[PDB]
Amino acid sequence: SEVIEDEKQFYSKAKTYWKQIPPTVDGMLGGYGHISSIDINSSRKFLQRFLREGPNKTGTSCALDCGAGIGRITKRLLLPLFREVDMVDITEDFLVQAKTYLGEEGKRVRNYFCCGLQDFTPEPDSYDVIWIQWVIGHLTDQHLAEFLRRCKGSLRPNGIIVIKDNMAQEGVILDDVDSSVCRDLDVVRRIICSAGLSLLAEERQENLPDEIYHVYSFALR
């Protein structure tokens, strides 16, 4: 709330920025398209702990990719582990491109949704895993909290919400170029608890370039 002065401009500027980004992996990853394989291999081990290690295993039937872009995570992380996948993104051109990028396994993407997370209500009791990566900084603290609570009602039994995103070492940093905020661990943990979710696991991503923000993965339900 504190670093976002005008909510309408905050969302409007962010939409303008992504409409001017090429629909490629490098566009999704802000010039770091080459770290994608490290990210995916890391995300896979983090997720497989919940799909393969009991007692309360997570299902493998349906997953929701939030901020999916052209489907970078959907192609290499979700589709090989889940029978079905839904995608949601605010940038229409990215969802158009996804149908080419996904290739033959994209036939198992059942629903494409073009709208912001602040407007999206995932269907209740419908998903095993809701994957939210590098998009939470584009939401206000209130909208993130209400979206996550709406995600809680959308989970199947033993389902989890996974947030993987940039985390500041301390405090909150506004990015006035792409109109996004970077939060520290404590601020995000307050938003998660405000959504009524419990923390199951956290993990700091390793093998990333020195200059970039720290990346953490949260498993919630």
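Only the largest set of C-alpha atoms that superpose within 1.5 Å between the two forms is called the rigid core. All residue numbers refer to positions in the sequence shown, first residue = 1.
For 25-33 versus 186-194, the mean Cα distance to the shown form in 8 other deposited structures of this protein after rigid core alignment is larger for 186-194. Taking the root mean square of CA deviations in 8 other deposited structures of this protein after fitting on the rigid core, 150-158 and 166-174 differ, and the farther of the two is 166-174. On average the C-alpha atoms of 184-192 have higher B-factors than those of the other stretch, with 62-70 and 184-192 being the two compared. According to the PDB record, 41-49 carries the higher mean C-alpha B-factor of the two stretches 41-49 and 148-156.
Of the candidates 128, 104, 89, 86, the one whose C-alpha carries the top B factor in the deposited record is 104. Residue 110: CA B factor in the highest third of modelled residues in this chain (values from the PDB entry).
Sorting the modelled residues of the chain by their CA temperature factor places residue 134 in the middle third.
Annotation for residue 21: C-alpha temperature factor in the lowest third relative to the rest of the modelled chain, per the entry. Sort the modelled residues of the chain by CA B factor and residue 174 lands in the middle third. Residue 201: CA B factor lies in the middle third for its chain, per the PDB record.
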